[PDB]
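So the sequences go chain by chain: A and B. Numbers 1 to 263, taken from the authors' numbering, label the letters of the first sequence in order. Numbers 3 to 263, taken from the authors' numbering, label the letters of the second sequence in order. Comments concern the structure below.
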Amino acid sequence: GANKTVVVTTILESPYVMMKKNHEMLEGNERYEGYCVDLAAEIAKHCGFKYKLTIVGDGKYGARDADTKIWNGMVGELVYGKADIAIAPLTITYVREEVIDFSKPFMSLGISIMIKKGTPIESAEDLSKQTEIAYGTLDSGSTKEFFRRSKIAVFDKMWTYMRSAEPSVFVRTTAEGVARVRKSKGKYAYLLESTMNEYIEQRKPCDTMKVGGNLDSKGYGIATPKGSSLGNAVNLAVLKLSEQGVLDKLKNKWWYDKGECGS
Amino acid sequence: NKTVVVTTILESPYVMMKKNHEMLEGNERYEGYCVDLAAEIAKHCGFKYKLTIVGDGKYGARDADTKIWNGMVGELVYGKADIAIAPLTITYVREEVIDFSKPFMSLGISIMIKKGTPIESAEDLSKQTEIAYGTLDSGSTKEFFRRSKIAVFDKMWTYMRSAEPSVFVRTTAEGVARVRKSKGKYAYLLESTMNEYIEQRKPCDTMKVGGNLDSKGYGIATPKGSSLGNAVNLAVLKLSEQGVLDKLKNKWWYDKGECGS
Ligand SMILES: N[C@@H](CCC(=O)O)C(=O)O
Ligand SMILES: N[C@@H](CCC(=O)O)C(=O)O
Ligand code: NA
Ligand code: NA
Ligand code: NA
Ligand code: NA
Ligand code: NA
Numbered sequence: 001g002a003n004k005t006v007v008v009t010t011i012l013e014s015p016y017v018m019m020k021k022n023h024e025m026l027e028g029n030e031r032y033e034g035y036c037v038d039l040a041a042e043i044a045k046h047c048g049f050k051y052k053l054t055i056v057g058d059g060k061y062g063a064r065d066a067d068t069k070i071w072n073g074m075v076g077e078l079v080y081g082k083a084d085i086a087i088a089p090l091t092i093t094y095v096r097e098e099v100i101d102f103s104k105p106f107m108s109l110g111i112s113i114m115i116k117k118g119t120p121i122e123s124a125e126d127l128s129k130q131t132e133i134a135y136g137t138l139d140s141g142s143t144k145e146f147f148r149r150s151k152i153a154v155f156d157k158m159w160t161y162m163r164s165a166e167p168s169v170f171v172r173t174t175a176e177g178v179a180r181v182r183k184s185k186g187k188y189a190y191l192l193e194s195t196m197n198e199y200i201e202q203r204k205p206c207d208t209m210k211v212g213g214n215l216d217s218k219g220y221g222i223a224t225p226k227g228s229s230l231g232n233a234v235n236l237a238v239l240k241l242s243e244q245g246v247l248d249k250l251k252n253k254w255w256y257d258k259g260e261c262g263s
Numbered sequence: 003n004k005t006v007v008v009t010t011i012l013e014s015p016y017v018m019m020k021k022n023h024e025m026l027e028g029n030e031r032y033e034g035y036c037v038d039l040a041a042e043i044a045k046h047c048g049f050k051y052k053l054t055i056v057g058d059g060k061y062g063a064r065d066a067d068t069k070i071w072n073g074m075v076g077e078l079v080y081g082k083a084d085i086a087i088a089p090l091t092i093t094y095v096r097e098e099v100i101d102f103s104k105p106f107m108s109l110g111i112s113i114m115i116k117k118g119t120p121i122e123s124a125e126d127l128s129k130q131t132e133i134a135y136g137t138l139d140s141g142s143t144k145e146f147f148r149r150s151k152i153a154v155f156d157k158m159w160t161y162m163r164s165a166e167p168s169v170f171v172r173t174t175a176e177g178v179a180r181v182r183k184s185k186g187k188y189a190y191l192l193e194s195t196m197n198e199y200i201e202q203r204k205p206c207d208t209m210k211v212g213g214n215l216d217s218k219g220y221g222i223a224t225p226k227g228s229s230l231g232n233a234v235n236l237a238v239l240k241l242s243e244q245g246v247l248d249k250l251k252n253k254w255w256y257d258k259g260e261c262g263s
């Protein structure tokens, strides 16, 4: 085919993709900064393409509606032919792998627990065995599906509580989870990926922290539509950037170099 | 149908000989994390299989002169095996010539010392000469050093590649033995998974020090273009999501720890 600008679907999720301070003065890809913005640039340079960052319209990662079977989110953008690639903290999962292609992971993570400092909770088991502290997850992403599908007793118990809790314990964006932890005087804990958690505990006012081990072990991948010829080069580029140390540099740059909570 | 030929490697606790194996036959000779994994993948994908220990006992590297692949990788490239189920690192050079599932385990390169050795990091190794150190032959750790442009790692490579006698070993067990027997004068660079397993084994004289040097994964490998790959990769993601991989890990690493809780 002719030369074409690659349409990249991504999500406003700190520190992956953020609005730059002076974004009102800026246009196109220059509006944004963060780990995935830098990662996009690196993949584009290796794979020899021009591209356009496009924030996903509905703000979601991607789930399939059980009634209509329509995919939302970034996954929907690839499934339905709107975008050419997803460069974002998109978890490689079974149900997504059936419908899109994924690179090998560019980051490793697991589900984890965020508390307001001081909350008397150290583990999933501790959340599951009490009722005073509410807890939930992001909508339309892999963490909620983790709970919904777990056969492990403690996780199952947690899903059973979460799915029926009133008011709703689920949040639309990670920022909304963070505010609910910060504002709830220790009466809400948030289940989110260790990568997001670790970032948030580096930001003022330093009132949150990760507790416990991770609940699972998995990875974020760069996604393309099933069968897209871009996949092979993009997967090699990931592995090369991993091997060169560039992914490690990017993680330190966006998580720790400008940390607001010490060390 | 047809029996799937699985290449693997004798590497504790992934594949080990059972007690009394000399009277056993076939797949029943072996036990460990990758034996259990192979069984799970075969069940999910609907195939019979035969485990076969790689003839040359290597993971796989390409000879710079001949461009021939050895090890498990060579098995798959030259058509001797249909799948590899082993702690085989997903790497750029390998990805060019075989297919890989998404990772079934996460790991990084790490440092093993005999307890009390005055080393706490790679940097520490690189700044002295009393304590020798090396890696496995024919694997991803050795390639990591050979190819690194990071100063500390490049410096390590320069030393290792020229050190006399050789600091490289043929098997992980040999590297561990060398650590154990060298009175603190040998440290070994190996994957955090293996390091963690050995520090749970008697005589409890080794330990992992410092952070991991990198972050990567093991995958199930198949020859490039094999029709097994799709189903295998989905099976790894299912076993992951069902918590089976975590259960296998706990069974083979920690259940049997001999060096405390
Ligand atoms: N990374 C997740 C979103 C965050 C979460 O669900 O905790 C996904 O790809 O769905
Ligand atoms: N997992 C490695 C072998 C161990 C090592 O090199 O430390 C490989 O696939 O080459
Ligand atoms: Na796919
Ligand atoms: Na073999
Ligand atoms: Na180390
Ligand atoms: Na499950
Ligand atoms: Na688990």
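From the three backbone atoms N, C-alpha and C, an ideal C-beta is built for every residue, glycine too.
Query	Result
Chain B within 9 Å of A/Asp-216, Cβ atoms only	yes
Beta carbon proximity, B/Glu-122 to chain A, threshold 9 Å	no
For A/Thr-91, the three-state DSSP class (helix, strand or coil)	strand
Ligand 1 heavy atom lying under 8 Å from the CB of A/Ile-87	no
Range covered by the beta strand (DSSP E) that runs through B/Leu-191	188–193
Exposure of A/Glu-30, with buried meaning 16 or more beta-carbon neighbours within 10 Å	exposed
Three-state class that DSSP yields for A/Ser-229 in the structure shown	coil
Rounded straight-line distance, which links the Cα of A/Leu-215 to that of A/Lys-151	13 Å
Cβ-based neighbour list, A/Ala-83, same chain, cut-off 7 Å, excluding 5 preceding and 5 following	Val-7, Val-8, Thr-9, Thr-54, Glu-77
Proximity of A/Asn-197 and A/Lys-210 at Cβ, strictly below 9 Å	yes
Contact with chain A by B/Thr-137, beta-carbon distance below 9 Å	no
8 Å Cβ shell around A/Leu-192 - same chain, five flanking residues per side excluded	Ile-111, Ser-112, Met-114, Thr-137, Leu-138, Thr-143, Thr-174, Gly-177
Closest Cα partner of B/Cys-261 within the set B/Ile-43, B/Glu-201, B/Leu-39, B/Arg-172	B/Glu-201
Short Cβ contact (9 Å threshold) for A/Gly-186 with A/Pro-105	no
8 Å CB neighbourhood of B/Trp-159 in its chain, flanking five on each side removed	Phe-147, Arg-148, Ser-150
Which residues DSSP lists as bridging B/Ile-115, in chain order	B/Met-209
Helix, strand or coil at A/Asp-101 according to DSSP, with G and I counted as helix	strand
Identity of the residues DSSP links to residue 280 of chain A by a beta bridge	No answer is possible for residue 280 of chain A: the residues shown for chain A start at 1 and end at 263.
Cβ-heavy atom distance, B/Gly-245 to ligand 7, below 8 Å	yes
Partners in chain B for A/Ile-92, counting only beta-carbon separations shorter than 8 Å	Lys-104, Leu-239
Residue-chain proximity (A/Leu-236, chain B), Cβ-Cβ < 9 Å	yes
Residue interval of the beta strand (DSSP E) (run including A/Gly-136)	134–137
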